[PDB]
Structures are given as structure tokens and as C-alpha cells.
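Read the structure below first, then the notes.
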Protein chains: 4
Amino acid sequence: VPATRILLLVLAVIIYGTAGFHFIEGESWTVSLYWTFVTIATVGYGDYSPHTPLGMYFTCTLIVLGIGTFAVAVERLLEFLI
Amino acid sequence: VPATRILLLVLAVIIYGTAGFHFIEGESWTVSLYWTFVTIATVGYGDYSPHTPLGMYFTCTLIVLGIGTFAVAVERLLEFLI
Amino acid sequence: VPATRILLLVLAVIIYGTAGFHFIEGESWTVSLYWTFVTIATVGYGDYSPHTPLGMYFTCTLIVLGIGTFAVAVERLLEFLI
Amino acid sequence: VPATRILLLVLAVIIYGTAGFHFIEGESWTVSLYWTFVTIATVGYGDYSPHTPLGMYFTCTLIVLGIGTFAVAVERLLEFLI
Ligand code: NA
Ligand code: NA
Ligand code: NA
Ligand code: NA
């Protein structure tokens, strides 16, 4: 699967995660984007996290949808530049 | 090993982790499920975590039982859909 | 490299991490063991973390020594049982 | 790609992350180094994290630049010594 296709999937995941967190949890766009990266990279600082049942479910789906996508994208990125 | 077999193993891990956290730590079913995903994906926000010696041991076993299972499942999921 | 050799390396890493955290940071043996697993699996809840400069350095070495060892051990464990 | 080349890339990532966190977030050099390792290993305790919009953006770039680099370095390190 081409690296650029994976990148597009990662972009869609970022949109999904950011919009989801902002509207379900009510955080700013900037915090939501930052939380999305932190979550899909599996860093998970816990400075931000869902506080509602829907936010928690949503976060599980994001984890399922995003962690593999992101992992493959970074390693393809690594190959590409190096 | 077939992707669906791995999925079943991941499901059993989720049951194990959720029930374990709920009964050992006393959190709600919903929090326990969410904590299980967050732990086996290695996100680990720390909004929830074990507060007893048995919960801590249990979490170590979950980590050992769940992180590999979950990693293989997501990457097999990725292959399957893409 | 044989799976059992890797297991022994993981055991040594666990001893290293546990003893280190207990004596440098002053946490209980049980907390230190739990923190070691949580760190080398990269879960990192942040319920426990080093609060001194030596603890922070030590944690960086543990991260370097432990995360690869642990990752290979779990995947070898997965292959072995499945 | 030679292991030593990867090591150099990891070193540059560490400089990038440490200096960035220290100057953008204002933490000590020691905390910033420790935070950099904790972030690029994806441990993410959350004892330290960015509190400004620029720090959050910067952390996303560090995550993108550092997690793949670091993962490949540790596994190459593992092969080399074992
Ligand atoms: Na974390
Ligand atoms: Na945390
Ligand atoms: Na992680
Ligand atoms: Na983590």
C-alpha cells in the first residue's frame, strides 16, 4: 500500500479525532488536535482525556482506528526520508 | 495465525481486563472498558489506574496478556481493510 | 535469538527497574515493580514517576534498556503460545 | 540504513526535543531531556506536558519526528548487543 495513501488515512484519522474530541468533550480545536496526536501515537499524557461515557467510547474507536494507521505512516515516513 | 482468531483473543483480553478492573478497583463497567483499551493500546492516560496491590499485579498481567495481542490485531485489521 | 534468552533479559530489566525506582525514588517494592512494567510497556500512567534528577536519568536508561527487550519478549511470547 | 546513522538521528531528535521544551515551555534542561525521552518512547507520564499552543504544536512535530526514529534505534540497539 502506497505511503501517500497511508498519509491520507492518517489525515482523515486526525480530522475524526480532533472534531470528535472538540464536540464530545468541549475542548478547544488546538487542544483537541494535540490530544488526537498524543492519543494515536500512544503517548497519552493524560493532561486531557474524555470525561463522559460518549467521549470514552469515542476514544476507544479512535484508538482502534488510529494507532495502526499512525504507526505505519511514521515508519513509511522514516523509510521515505531515510 | 488467522486474523479472526486474533480478534477473538483480543475480545477475551477485553473481557479479562474490564471485569478485572471493575471488581478489583471498583470502577464502573464503562470506565473499566475504557481503561482496558487505554492500557492495552499503551496510551495510559492515568485518569484511571489501580490503587491497590492486587490491582497493580492484575494490571501487570493485563499488560503482558494484552499489549501483544492488541498490537497484532490492529495491524491485521489494517491489512484486512487496506 | 532464543525466546527464553529474551525472557531472561526481560527479567534482569525488571530487577534493574524495580530496585532502581525503590531506592532512588523511595517507593514501595510493589509500586516500583508496577511502575517498571508500566514504563517498559510504555503505558506510562503517571500515577508514579521520578521526582529527582537521578530518578529522571535512571528512567531514561530504563526506557532505553527495557522497551525493546519487553516488546520482543511479548511478541515471542505471542508466537510461542499461538 | 546503518545503525549508527539512526543513532545520530536519534541524538538530533533529543537535542530538538530538549531545547524546544526548555525554551517553549520554560522547564529545566534536565526536565526537558527527561520529557523528551518519555515522549519519543511514547511512555508519556504526563508529569510534564506543554501548556501553551506553541508547545502543543511543537510536541506534535516531536511525536512525528521522534517516535519512529527512536523505535528503530532501540531495535537496532537490541540486535547489535544481542
Ligand atoms: Na501515558
Ligand atoms: Na498521565
Ligand atoms: Na505507548
Ligand atoms: Na503511553
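Numbering starts fresh at 1 for the residues of each chain in the C-alpha cells, the chains themselves are lettered A, B, ... in the order given, and ligands are numbered from 1 as they appear.
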
Next on the checklist: For segment 54-58 of chain A, find every residue with an atom within 7 Å (counting only C-alpha atoms), except residues of its own chain fewer than 4 positions away, and show them as a VMD selection string.
Outcome noted: (chain A and resid 24 to 25 50 62) or (chain B and resid 34)

Could you write those residues out with N, CA and C atoms, as a PDB file, in the first residue's frame?
ATOM      1  N   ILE A  24     -17.511  16.373  21.435  1.00  0.00           N
ATOM      2  CA  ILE A  24     -17.958  15.480  22.507  1.00  0.00           C
ATOM      3  C   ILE A  24     -17.458  15.980  23.870  1.00  0.00           C
ATOM      4  N   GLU A  25     -16.180  16.337  23.949  1.00  0.00           N
ATOM      5  CA  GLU A  25     -15.615  16.775  25.226  1.00  0.00           C
ATOM      6  C   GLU A  25     -15.598  18.289  25.460  1.00  0.00           C
ATOM      7  N   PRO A  50     -11.161  12.008  27.905  1.00  0.00           N
ATOM      8  CA  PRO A  50     -12.630  12.152  27.919  1.00  0.00           C
ATOM      9  C   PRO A  50     -13.218  12.046  29.324  1.00  0.00           C
ATOM     10  N   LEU A  62     -11.284   5.742  18.277  1.00  0.00           N
ATOM     11  CA  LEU A  62     -10.091   6.446  17.817  1.00  0.00           C
ATOM     12  C   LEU A  62      -8.816   5.606  18.009  1.00  0.00           C
TER      13      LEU A  62
ATOM     14  N   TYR B  34     -13.006   1.289  29.139  1.00  0.00           N
ATOM     15  CA  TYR B  34     -12.231   2.391  28.594  1.00  0.00           C
ATOM     16  C   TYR B  34     -10.782   2.295  29.075  1.00  0.00           C
TER      17      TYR B  34
END

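The part of chain A that reaches within 9 Å of chain B is made up of residues 1, 38, 39, 40, 41, 42, 43, 44, 45, 46, 47, 48, 49, 53, 56, 57, 59, 60, 63, 64, 65, 67, 68, 69 and 72 of chain A, counting only C-alpha atoms.
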
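The gap separating atom CA of residue 11 of chain A from atom CA of residue 80 of chain B is 19.6 Å, in Å to one decimal.
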
Item to check | DSSP helix (DSSP H, G or I) residues within chain C, as an NGL selection string | outcome: :C and (3-25 or 29-40 or 53-81)

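Of note, atom CA of residue 16 of chain B and atom CA of residue 66 of chain B are spaced 9.5 Å apart.
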